[PDB]
There are 2 protein chains.
Amino acid sequence: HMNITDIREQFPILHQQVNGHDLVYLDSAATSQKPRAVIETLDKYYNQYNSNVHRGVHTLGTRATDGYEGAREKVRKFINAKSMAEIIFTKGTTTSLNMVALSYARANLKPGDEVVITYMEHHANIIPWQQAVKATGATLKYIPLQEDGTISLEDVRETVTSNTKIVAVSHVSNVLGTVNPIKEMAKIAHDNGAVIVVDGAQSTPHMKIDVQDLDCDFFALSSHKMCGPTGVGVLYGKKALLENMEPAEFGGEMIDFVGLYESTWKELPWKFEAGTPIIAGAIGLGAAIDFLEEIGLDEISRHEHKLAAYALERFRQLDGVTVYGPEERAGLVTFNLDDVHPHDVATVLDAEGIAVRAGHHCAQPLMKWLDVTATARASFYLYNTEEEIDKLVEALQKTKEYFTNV
Amino acid sequence: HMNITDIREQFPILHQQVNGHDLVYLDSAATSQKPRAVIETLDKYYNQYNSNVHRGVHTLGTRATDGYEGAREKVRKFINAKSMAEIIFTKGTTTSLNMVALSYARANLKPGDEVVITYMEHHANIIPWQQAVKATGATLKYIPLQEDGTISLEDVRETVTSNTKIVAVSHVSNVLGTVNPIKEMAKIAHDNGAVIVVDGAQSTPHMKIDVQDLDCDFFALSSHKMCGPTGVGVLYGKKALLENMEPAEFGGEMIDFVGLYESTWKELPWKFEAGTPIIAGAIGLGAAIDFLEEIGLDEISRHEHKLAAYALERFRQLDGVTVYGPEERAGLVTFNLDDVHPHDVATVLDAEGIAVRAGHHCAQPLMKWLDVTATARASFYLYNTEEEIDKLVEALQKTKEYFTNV
Ligand SMILES: Cc1ncc(COP(=O)(O)O)c(CN[C@@H](CS)C(=O)O)c1O
Ligand SMILES: Cc1ncc(COP(=O)(O)O)c(CN[C@@H](CS)C(=O)O)c1O
């Protein structure tokens with residue numbers, strides 16, 4: 001089984017004090033921390049074999065290219081894609097989803113067509129569709145949520161129609177912790193003639209992804225949430241869809257022939273990788289994948305289920321605290337204290353060393369659905385512990401006591 | 001003055017052998033190497049204060065945000081922009097130019113309008129314009145080149161007309177080493193009612209940039225060519241132009257309000273930074289700027305002019321070698337050996353430890369203008385030396401002798 005002391009020992013940033021207290025980092029849904037294996041991968045790249053890729057074929061250039069494409073194959077295996085042609089390196093989840101909205105949705109929507117999303121989506125999985133339907137005259141529709149913040153398949157079936165061309169939905173909600181029924185929703189989308197776009201930013205770090213079992217048409221993820229470098233992500237798309245989509249960006253490395261007025265594109269995946277690519281970051285993301293696979297995603301999921309179940313229980317021990325979302329969940333808890341604004345909660349918690357996020361978490365329509373303007377969110381990863389949750393609930397208790405006194 | 005031994009001591013990657021020979025890295029136009037000051041900046045970020053920015057305002061989140069925006073101010077000062085609102089962090093030069101083609105050109109071109117570029121442009125400054133004119137029904141035009149590969153202002157004046165809306169041009173050619181007369185071309189563009197887009201990927205690393213003196217409307221650059229991390233670049237644009245352009249990507253952090261169907265955008269620069277940004281890479285690019293400014297861009301330019309003048313002289317000592325471009329130039333030499341294909345030249349040179357690039361250098365129309373299919377290119381930076389140029393010319397001599405014997 002996974003030893004949380006031995007795992008934490010690999011993350012230098014955890015071992016420091018904030019405002020005189022041991023750091024308690026509970027904001028991994030915003031971004032995760034890195035183990036030495038990843039940081040030292042970046043170091044070794046810049047110390048030893050940095051060079052541009054797919055260009056000069058001298059010795060360092062070959063090493064960098066092999067490292068970059070080797071990381072692409074690591075990603076392919078990690079999400080169980082059929083082919084490296086289906087694995088596109090991007091700047092992050094947000095850019096991946098925007099590439100689908102630009103190159104697939106804007107080429108495949110007509111008036112009368114529908115894009116169907118849900119009220120729990122992150123802005124990254126809302127605004128690109130708002131913009132694509134405006135540009136095409138198509139219609140945007142929202143699957144309603146059950147009272148506990150889950151999605152019923154009956155509601156999916158009612159909302160998706162024979163006019164739906166795209167269903168876009170999160171694998172895991174960054175606010176509710178809901179794990180959505182992506183595989184069953186893919187069947188519903190296909191049955192109606194639609195493709196499904198899966199926002200996997202919060203699922204990929206925490207649980208095994210098998211795109212062949214999910215049968216998603218597109219799947220987007222971010223390195224910085226899964227122990228990898230900032231600035232890099234992946235767009236997966238079924239090869240037959242990517243073959244028919246035009247590039248979202250144009251430039252070097254993604255062309256075959258350039259004339260004065262017309263150009264032709266490389267084969268996949270490079271068709272979608274204009275310019276010098278995110279070489280070091282992609283290689284470090286491959287290192288993050290090796291790190292997570294050595295621990296075991298199923299072990300990481302089990303650890304997070306234990307932390308989530310413990311946190312929910314201990315939150316129920318606090319009077320005057322509201323928790324949003326379902327009992328079965330990913331590793332995060334979004335909440336409010338009665339009569340204390342979440343920004344103030346976050347301030348007091350940081351004074352105790354505890355990092356959480358307050359605000360709308362880039363999900364304003366969901367806050368409106370919840371009938372709140374803001375919330376506070378503690379989120380967990382493989383380096384967090386029950387003792388840290390104890391510190392969180394103790395600090396919420398003392399926050400309530402403090403704000404009741406004055 | 002700058003001490004090249006002390007500068008090289010800071011670049012760990014230079015100190016190694018390739019195929020039994022000291023490495024001679026002459027491919028900095030493809031990508032530059034990094035000093036410890038930059039690599040250690042990334043280390044310190046991941047070891048000590050990684051957190052997402054402009055989101056959770058806990059202690060590490062504040063440190064990361066301050067580091068990210070502090071790097072933006074470093075860039076602003078470095079290119080002498082008036083305002084941080086004008087400094088957009090992107091994935092690289094290619095993405096920056098594509099954002100201009102998407103958000104400015106496609107919104108501002110009608111049939112009859114012209115985009116004017118030159119035959120020496122890199123593909124990154126060709127294809128986005130090809131695509132924008134096709135999408136708008138506008139016309140793409142090319143300023144011709146003089147016999148030495150420079151641009152005469154008379155030709156600029158003849159090509160730009162009152163129908164030109166955009167002139168796009170490189171500051172420095174990655175093939176010819178030409179430094180183009182950007183400031184005078186900006187006056188010509190403005191006189192005709194056009195904006196000028198400057199591709200500064202090869203100028204920014206090597207010479208001071210002052211966008212107020214150049215009066216360029218847009219200016220694009222890449223971190224990885226100027227001792228900075230991969231995966232990051234800058235788009236500069238005059239504030240009044242950026243204010244009127246729509247975002248190229250949509251998502252978190254670049255919104256003010258998100259409704260079900262409509263959203264409003266943040267102020268500049270964040271309007272153009274969708275999603276979690278390239279936090280570590282931007283901070284490391286700020287470190288690269290501090291490093292270069294401490295050495296002095298004018299010292300770096302002088303050093304490169306000495307290396308270029310020495311290389312041109314020594315190339316003229318070789319029989320049967322053709323060099324392309326003008327005598328006054330940036331720090332690079334593109335050439336061919338009579339009767340030896342440039343790919344074979346590059347192979348033999350790598351066997352001697354020497355890294356150069358062979359091919360079309362992402363400038364196919366320029367190769368056609370030069371009446372060649374490919375070339376070889378040695379390119380210099382602040383860690384290179386005359387002794388390395390000696391090794392290059394000696395190895396070209398022995399390449400000629402070898403291929404004449406068989
Ligand atoms: C479900 C979901 N979908 C898309 C994204 C955007 O991922 P990027 O790597 O920013 O591009 C995120 C990232 N949500 C972060 C940062 S806003 C959080 O604090 O909740 C997400 O949670
Ligand atoms: C004049 C010019 N303009 C745009 C670019 C593209 O920069 P990126 O950082 O790849 O996006 C480059 C990069 N030319 C490299 C790599 S193809 C070379 O080996 O010559 C350039 O030289």
Side-chain angles (χ1 to χ4, degrees), chain A residues 12-13 18-19 27 30-31 33-34 39 42-43 46-48 50-52 55-56 58-60 91-95 98 122-124 126-128 130-131 140 142 222 224 229-232 249-252 255 258 260-263 274-276 278-281 346 350 355-357 362 364-365, chain B residues 12-13 18-19 27 30-31 33-34 39 42-43 46-48 50-52 55-56 58-60 91-95 98 122-124 126-128 130-131 140 142 222 224 229-232 249-252 255 258 260-263 274-276 278-281 346 350 355-357 362 364-365:
Chain A
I13 200 171
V18 154
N19 302 309
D27 201 26
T31 198
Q33 307 300 172
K34 324 306 165 187
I39 302 168
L42 302 176
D43 297 340
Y46 290 119
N47 289 333
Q48 297 189 11
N50 172 66
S51 270
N52 209 330
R55 288 157 168 89
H58 49 73
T59 292
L60 296 191
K91 202 171 149 310
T93 296
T94 298
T95 290
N98 274 272
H122 186 286
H123 295 160
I126 295 175
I127 311 149
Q130 287 181 346
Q131 291 290 310
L140 184 66
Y142 279 88
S222 288
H224 72 96
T230 50
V232 62
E249 293 196 303
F250 308 85
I255 53 91
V258 174
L260 290 184
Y261 307 109
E262 298 284 334
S263 302
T276 300
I278 308 155
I279 300 165
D350 184 66
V356 298
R357 184 174 173 190
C362 289
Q364 279 174 212
Chain B
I13 200 171
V18 154
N19 302 309
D27 201 26
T31 198
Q33 307 300 172
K34 324 306 165 187
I39 302 168
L42 302 176
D43 297 340
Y46 290 119
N47 289 333
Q48 297 189 11
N50 172 66
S51 270
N52 209 330
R55 288 157 168 89
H58 49 73
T59 292
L60 296 191
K91 202 171 149 310
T93 296
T94 298
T95 290
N98 274 272
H122 186 286
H123 295 160
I126 295 175
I127 311 149
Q130 287 181 346
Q131 291 290 310
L140 184 66
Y142 279 88
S222 288
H224 72 96
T230 50
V232 62
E249 293 196 303
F250 308 85
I255 53 91
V258 174
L260 290 184
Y261 307 109
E262 298 284 334
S263 302
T276 300
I278 308 155
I279 300 165
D350 184 66
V356 298
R357 184 174 173 190
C362 289
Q364 279 174 212

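In the text below, chain A, chain B and the rest are named by the order of the sequence lines, each starting its count at 1. All values below were derived from every heavy atom in this structure, side-chain atoms included, with hydrogens, water molecules and symmetry-related copies excluded.
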- Message: As an exercise, state the distance from NZ of A:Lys34 to CG of B:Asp43, rounded to the nearest 0.5 Å.
- Response: 14.0 Å
- Message: Heavy-atom cut-off 4.5 Å, strictly under: side chain, backbone, both or neither for B:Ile255 against chain A?
- Response: side chain
- Would a 4.5 Å heavy-atom cut-off, applied to side chains only, mark B:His58 and A:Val18 as touching? no
- Item | Interface residue of largest heavy-atom contact number with chain B, from A:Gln130, A:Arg357, A:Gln364, A:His122, under 4.5 Å | A:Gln130
- Message: Is B:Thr93 close to chain A through its backbone or its side chain, or both, or neither, when contacts mean heavy atoms under 4.5 Å?
- Response: neither
- Task: Any chance you could measure B:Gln131, atom CD, to A:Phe250, atom CZ, to the nearest 0.5 Å?
- Result: 4.0 Å
- Query: Given that the side chain runs from C-beta out, which part of A:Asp27 has a heavy atom under 4.5 Å from chain B: side chain, backbone, both or neither?
  - Reply: side chain
- Query: Considering only heavy atoms, which portion of A:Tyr261 lies under 4.5 Å from any heavy atom of chain B: side chain, backbone, both, or neither?
  - Reply: both
- Heavy atoms only, distances under 4.5 angstrom: which of A:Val232, A:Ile126, A:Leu60 has the most pairs with chain B? Name it, please. A:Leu60
- Query: So which of B:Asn98, B:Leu140, B:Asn19 has the largest heavy-atom pair count under 4.5 angstrom toward chain A?
  - Reply: B:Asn98
- Task: Find the one option among B:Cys362, B:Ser263, B:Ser222 whose heavy-atom pairs under 4.5 Å with chain A are most numerous.
- Result: B:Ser263
- Item | A:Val258 portion near chain B, given a 4.5 angstrom heavy-atom threshold | both
- Atom group of B:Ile279 that falls short of 4.5 Å from chain A, counting heavy atoms: both
- Please look at B:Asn47 and chain A and tell me whether the side chain, the backbone, both or neither of the residue comes under 4.5 angstrom of a heavy atom of that chain. both
- Below 4.5 Å, heavy atoms only, C-beta onward: do A:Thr276 and B:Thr31 meet side chain to side chain? no
- Heavy-atom distances under 4.5 Å only: say whether A:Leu260 touches chain B with side chain, backbone, both or neither. both
- Task: Measure B:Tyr142 against the heavy atoms of chain A and call it side chain, backbone, both or neither at under 4.5 Å.
- Result: side chain
- Rounded to the nearest 0.5 angstrom, the OG1-CD distance for A:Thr95 and B:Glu249 is 3.5 Å
- Side chain, backbone, both or neither: which part of B:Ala346 has an atom under 4.5 Å from a heavy atom of chain A? neither
- Item | Interface residue of largest heavy-atom contact number with chain A, from B:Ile13, B:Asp350, B:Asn52, under 4.5 Å | B:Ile13
- Message: Does any backbone or side-chain atom of B:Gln33 lie under 4.5 Å from a heavy atom of chain A? Answer side chain, backbone, both or neither.
- Response: both
- Identify which of A:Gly251, A:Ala280, A:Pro365 forms the greatest number of heavy-atom pairs closer than 4.5 Å to chain B. A:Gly251
- Compare all side-chain heavy atoms of B:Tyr46 with those of A:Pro229 and state whether any distance is below 4.5 angstrom. yes
- If one checks every heavy atom of B:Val356 against chain A at 4.5 Å, the contacting part turns out to be backbone
